[PDB]
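What follows is one structure encoded as structure tokens, with my remarks underneath.
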Amino acid sequence: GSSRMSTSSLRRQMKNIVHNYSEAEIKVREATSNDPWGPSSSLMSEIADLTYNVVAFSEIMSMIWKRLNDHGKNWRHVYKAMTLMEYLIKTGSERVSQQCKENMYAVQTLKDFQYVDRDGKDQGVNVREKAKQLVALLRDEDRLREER
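FYI, in PDB author numbering the residues of the sequence shown are -3 to 144.
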């Protein structure tokens, strides 16, 4: 320069901050399964703050529906998917609850999702009642249905 001498050589830097906040797909996943380690502050609260948006929201409930219908061997992903679908439906946003009513068959498909391998133990109940709960709160009483 003039009086000082640059010391930090440095080479090149990456891009900049993405103006399109789109990191929900990662939160939802790490939220329905924390096998590994990482930050432990409030991942669920993050996926909800994303529902408010318009993109991240669809990427959130979407990944939540897939892990919600896992196979009949490890419902662990399903139970975790119910916590993210129930948390977002509340603080997440008003759009996360509307989708739950439009996809009630998906949240109810878990109440019947029962499997214990050819011969194992019946431990897939925690998830059975879980899915039933998400639908109970989102709809406690009904005003006479009407399906032909």
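For every residue, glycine included, the Cβ atom is placed at its ideal position computed from N, Cα and C.
Query - alpha helix (DSSP H) runs contained entirely in the stretch 21 to 96, provided each spans 4 or more residues - result: Complete alpha helix (DSSP H) runs here, min 4: 39 to 47, 51 to 62, 72 to 83.
Query raised in the report: In the stretch 103 to 143, which residue ranges form an unbroken alpha helix (DSSP H) of at least 4 residues, counting only runs that do not cross its ends?
Result: Complete alpha helix (DSSP H) runs here, min 4: 121 to 134.
Report task. In angstroms with no decimal places, state the Cα-to-Cα distance between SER58 and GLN9. Result -> Looking at the two C-alpha atoms, the distance is approximately 34 Å.
**Report entry** Residue closest to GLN119, alpha-carbon to alpha-carbon, out of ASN99, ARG72, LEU134, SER2
**Finding:** Nearest option by C-alpha distance: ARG72.
Query raised in the report: Taking just the CA atoms, how far does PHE109 sit from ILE13?
Result: Taking the straight line from one Cα to the other gives about 42 Å.
Query - Distance CB(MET100)-CB(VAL131) smaller than 7 Å - result: A contact, by the Cβ cut-off of 7 Å.
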